[PDB]
Amino acid sequence: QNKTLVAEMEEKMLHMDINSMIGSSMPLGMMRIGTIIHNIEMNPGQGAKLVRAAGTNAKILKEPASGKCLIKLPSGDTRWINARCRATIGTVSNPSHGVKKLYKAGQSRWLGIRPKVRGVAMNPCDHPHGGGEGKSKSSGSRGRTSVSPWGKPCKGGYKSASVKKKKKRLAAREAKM
Amino acid sequence: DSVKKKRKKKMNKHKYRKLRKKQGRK
Amino acid sequence: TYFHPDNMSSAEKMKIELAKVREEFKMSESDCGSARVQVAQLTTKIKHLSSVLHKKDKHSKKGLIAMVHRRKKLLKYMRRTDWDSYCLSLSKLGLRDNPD
Amino acid sequence: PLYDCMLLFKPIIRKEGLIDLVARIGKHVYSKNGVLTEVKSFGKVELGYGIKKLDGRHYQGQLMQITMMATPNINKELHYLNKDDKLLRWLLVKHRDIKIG
Amino acid sequence: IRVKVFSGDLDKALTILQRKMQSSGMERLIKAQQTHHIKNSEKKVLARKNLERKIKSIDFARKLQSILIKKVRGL
RNA sequence: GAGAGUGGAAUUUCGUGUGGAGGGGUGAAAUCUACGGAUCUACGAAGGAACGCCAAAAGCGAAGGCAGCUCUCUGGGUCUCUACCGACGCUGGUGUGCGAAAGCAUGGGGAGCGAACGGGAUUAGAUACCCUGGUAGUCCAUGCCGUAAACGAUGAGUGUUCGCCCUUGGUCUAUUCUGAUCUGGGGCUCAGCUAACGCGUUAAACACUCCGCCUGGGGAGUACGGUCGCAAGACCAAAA
RNA sequence: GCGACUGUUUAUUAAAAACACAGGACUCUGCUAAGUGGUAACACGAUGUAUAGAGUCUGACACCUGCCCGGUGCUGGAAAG
Ligand SMILES: [K+]
Ligand SMILES: [K+]
Ligand SMILES: [K+]
Ligand SMILES: [K+]
Ligand SMILES: [K+]
Ligand SMILES: [K+]
Ligand SMILES: [K+]
Ligand SMILES: [K+]
Ligand SMILES: [K+]
Ligand SMILES: [K+]
Ligand SMILES: [K+]
Ligand SMILES: [K+]
Ligand SMILES: [K+]
Ligand SMILES: [K+]
Ligand SMILES: [K+]
Ligand SMILES: [K+]
Ligand SMILES: [Mg+2]
Ligand SMILES: [Mg+2]
Ligand SMILES: [Mg+2]
Ligand SMILES: [Mg+2]
Ligand SMILES: [Mg+2]
Ligand SMILES: [Mg+2]
Ligand SMILES: [Mg+2]
Ligand SMILES: [Mg+2]
Ligand SMILES: [Mg+2]
Ligand SMILES: [Mg+2]
Ligand SMILES: [Mg+2]
Ligand SMILES: [Mg+2]
Ligand SMILES: [Mg+2]
Ligand SMILES: [Mg+2]
Ligand SMILES: [Mg+2]
Ligand SMILES: [Mg+2]
Ligand SMILES: [Mg+2]
Ligand SMILES: [Mg+2]
Ligand SMILES: [Mg+2]
Ligand SMILES: [Mg+2]
Ligand SMILES: [Mg+2]
Ligand SMILES: [Mg+2]
Ligand SMILES: [Mg+2]
Ligand SMILES: [Mg+2]
Ligand SMILES: [Mg+2]
Ligand SMILES: [Mg+2]
Ligand SMILES: [Mg+2]
């Protein structure tokens, strides 16, 4: 019952390698270049964190150098990940998840999403975009970009200076690697 | 049909394509 | 082990299978070209090709449609000439009767 | 059908690695109900250009040939040799009536 | 294609290199290298014209060879 | 023909040594690019697209079309036979299918090229031709569209008609080097045909079968209507 | 004419063409994620992981969406000063 199953794959294993052990997990340092992977740990033994959503996958770009591997993430970023971290061979299931579309407002409410009111529809006490008579974006030729309810911009590539500092530190540490 | 006779059809077709893109766009 | 059918290509297997079908349907002992023999061989080829041919392979599908129309012509010949062999082929190969 | 499996090893691979890969392909042929009729070594050959791998560039190689009577699916089932680090090249060809010397 | 220079003779080595350029077909391929794209519809016309000039040159060579061979034989 | 793998050259970009002043481009220039170090030179990396030589009046396919190599699956063709079978054939309205390229839809990909567009020039002007950037597109997967100077401007088929030179793929005979017979592809030609140019056993010759189409030019492949298409449009198609 | 639609709204003079909506697009976020609230711990985001989370505008569907980065913002940049 079980020994027949562990012997049937032993005649499969000797004519097979990493790139078609789909669903199996091993450390990244045991893998090859160009292996398509998902469910990558950030810390060894903590659990999978990185490539988890439906249809997503990552790609190994470099061999373990100084104990770390270079990996291309679904965002297009590349990160150096510790070679002892685990990952699962293949892509995440349900790859047609991102193309299915709803047809009515009730389906959003079934998922637990409540309606969103635009900032321009409010009053100045509610949103920075509020105010004005008739339809109006509550700024002008000497205003600012479109902003959050808390006044922070949300166009033109804005991010907070803390985020810029942290990402610059990460990029500078990864340039020496 | 020579090139000289083809040119009359060429001009008729160009004017018709122009008129159809001007009228039927609206 | 060397002569096992697992070690044979698909074309060799089709050759052996068509020789068997031709043996099954012959009128004389050297008969290989009568209408009912050609109908049985075409039916076997049509059934193999309708399953193995890729959807994008249009050039082979034109030949498969040619096999279909050849089988119609041979069945039409047998329906007016040899009614017994016509009923033999329709019963044994499971084909419909379409005199129209 | 009858096939010739050509195997161009890297020149640094030892006797044991060559035997290991040839025996792994051979046990793969046996498991699919096949016969191995012939195994031969062409020794060290000089290449026409420098074959470049992740190791570097190689101008020599060890040439092996296994002749097998095997399933038609075996060239597809041998695609693990594309990810094999002992190999420079591999090629499966239908067996020809030509004397190779 | 590399040619050694023997006894400092540049002209002999250059003649040898030119001969090996010509006889290996590499000079013909270098001369045929294009600087712009040519469509297949224009490649057909070029091949037709090249065949026509080859036919004319073969006819001319045949006439000269027949005249010279018939004259040299002493008839 | 479809599927699955794989190869190298070159272009572009990036990196690392060496090196230092231009490079690129034109009729001439300039935009551009380069001292934040280019072009150039060696090694390396990434990526896409197309497959040099072979190689062409060659080959294959109904046509459109098809080019690196390996394997799988598969359509058609040719030759030989003292094998079978026994007129089962040809053509084909209405129909059905296939059908360059551009275009459309969804998702990928994006080196090079490049509608649109920005700039640099030319010019009287220059919504162009030239230069420099360059989006869609060109590529893949799955659907749509259904049109081309889709051309041999030559419908499909059958029978017959003096020869010569080549060539593709077979077979037979050979008498050491060639003949014969099929099979397609070319060149030339006796006749015959042709308004003329020319065609000429792959006819535009001598005859025949079946289909499509024409009936002075323009208006016009336009109007109207129907069907089809997501659209772009397509098909049938007048009259004054 | 307006809004695609079913819905929602000024309890107590306004139910609508207003709001929402499915759909569309842009920007940010590599996970101790961004973002939000808090002096902080911490919590939500989320026992989620870029086919996910957040902010903004537009608002079914069909056809489309041209020019301008000079201005206000946001954003990238080796040096000199
Ligand atoms: K809203
Ligand atoms: K407002
Ligand atoms: K309030
Ligand atoms: K308002
Ligand atoms: K108001
Ligand atoms: K015309
Ligand atoms: K052919
Ligand atoms: K054929
Ligand atoms: K041939
Ligand atoms: K002639
Ligand atoms: K004839
Ligand atoms: K509307
Ligand atoms: K109401
Ligand atoms: K409201
Ligand atoms: K501006
Ligand atoms: K600005
Ligand atoms: Mg209000
Ligand atoms: Mg305020
Ligand atoms: Mg107003
Ligand atoms: Mg005419
Ligand atoms: Mg196209
Ligand atoms: Mg796209
Ligand atoms: Mg201009
Ligand atoms: Mg230009
Ligand atoms: Mg360009
Ligand atoms: Mg037409
Ligand atoms: Mg054509
Ligand atoms: Mg021959
Ligand atoms: Mg001939
Ligand atoms: Mg005539
Ligand atoms: Mg016809
Ligand atoms: Mg038309
Ligand atoms: Mg109409
Ligand atoms: Mg009114
Ligand atoms: Mg309403
Ligand atoms: Mg109701
Ligand atoms: Mg209502
Ligand atoms: Mg009230
Ligand atoms: Mg009321
Ligand atoms: Mg929405
Ligand atoms: Mg939480
Ligand atoms: Mg609105
Ligand atoms: Mg606009």
Side-chain angles (χ1 to χ4, degrees), chain A residues 28 36-62 65-88 90-177:
Chain A
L28 293 158
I36 302 294
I37 48 157
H38 63 282
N39 274 123
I40 317 164
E41 303 189 315
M42 283 289 286
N43 305 291
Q46 198 188 14
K49 280 189 155 41
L50 287 192
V51 183
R52 281 170 47 168
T56 59
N57 58 75
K59 186 179 181 179
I60 296 185
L61 302 176
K62 308 273 279 295
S66 305
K68 288 177 80 73
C69 316
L70 190 59
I71 283 159
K72 190 175 171 65
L73 295 173
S75 62
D77 295 6
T78 70
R79 281 297 303 276
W80 285 97
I81 310 294
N82 189 5
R84 285 147 44 75
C85 293
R86 317 181 60 85
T88 305
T91 62
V92 194
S93 64
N94 203 30
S96 60
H97 168 83
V99 290
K100 67 172 184 62
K101 296 179 190 296
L102 314 178
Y103 65 91
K104 63 167 184 172
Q107 299 173 281
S108 279
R109 316 289 318 265
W110 302 341
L111 302 160
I113 292 148
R114 281 185 28 84
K116 326 179 177 172
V117 176
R118 297 166 292 113
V120 292
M122 318 182 157
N123 288 314
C125 62
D126 297 319
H127 206 278
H129 289 169
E133 302 277 326
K135 270 190 209 61
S136 161
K137 310 198 156 177
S138 295
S139 56
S141 53
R142 280 186 273 117
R144 57 191 167 179
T145 57
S146 311
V147 293
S148 74
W150 310 279
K152 310 295 166 51
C154 56
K155 305 286 172 158
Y158 165 84
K159 68 199 80 171
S160 79
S162 306
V163 171
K164 282 182 208 192
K165 187 187 181 183
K166 181 181 67 177
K167 289 177 73 82
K168 191 173 296 297
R169 191 168 56 240
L170 181 53
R173 295 186 170 179
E174 278 192 339
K176 308 215 295 216
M177 196 167 294

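Naming: A, B, ... by sequence-line order, numbering from 1 per chain.
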Please name the pair of heavy atoms, one in [X] and one in [Y], separated by the smallest distance, quoted to 0.1 Å.
X	Y	result
A/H97	A/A54	CB-CB, 3.8 Å
A/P128	A/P149	CD-O, 3.5 Å
A/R144	A/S139	O-OG, 4.1 Å
A/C154	A/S148	SG-N, 4.4 Å
A/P153	A/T145	CB-OG1, 3.4 Å

Straight-line distance of [X] [atom1] to [Y] [atom2], nearest 0.5 Å:
X	Y	atom1	atom2	value
A/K164	A/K168	NZ	NZ	9.0 Å
A/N82	A/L28	CG	CG	8.5 Å
A/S138	A/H127	OG	NE2	10.0 Å
A/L102	A/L111	CG	CG	6.5 Å
A/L50	A/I71	CG	CD1	8.0 Å
A/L70	A/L61	CG	CG	5.0 Å

Please tell me if the side chains of [X] and [Y] come closer than 4.5 Å, counting only heavy atoms from C-beta onward.
X	Y	value
A/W110	A/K104	yes
A/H129	A/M122	no
A/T56	A/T91	no
A/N57	A/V92	no
A/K68	A/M177	yes
A/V120	A/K135	no
A/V51	A/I37	no
A/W80	A/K62	yes

Is it the case that atom NZ in A/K49 sees more than 12 heavy atoms from other parts of the structure closer than 6.0 Å?
yes
Does a salt bridge link A/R79 with A/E174, judged by any charged N lying under 4.0 Å from a carboxylate O?
yes
Counting N and O atoms only, with roles assigned by atom type, does the side chain of [X] sit under 3.5 Å from a partner on the main chain of [Y], one being a donor and the other an acceptor?
X	Y	value
A/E41	A/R86	yes
A/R52	A/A48	yes
A/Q46	A/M42	no

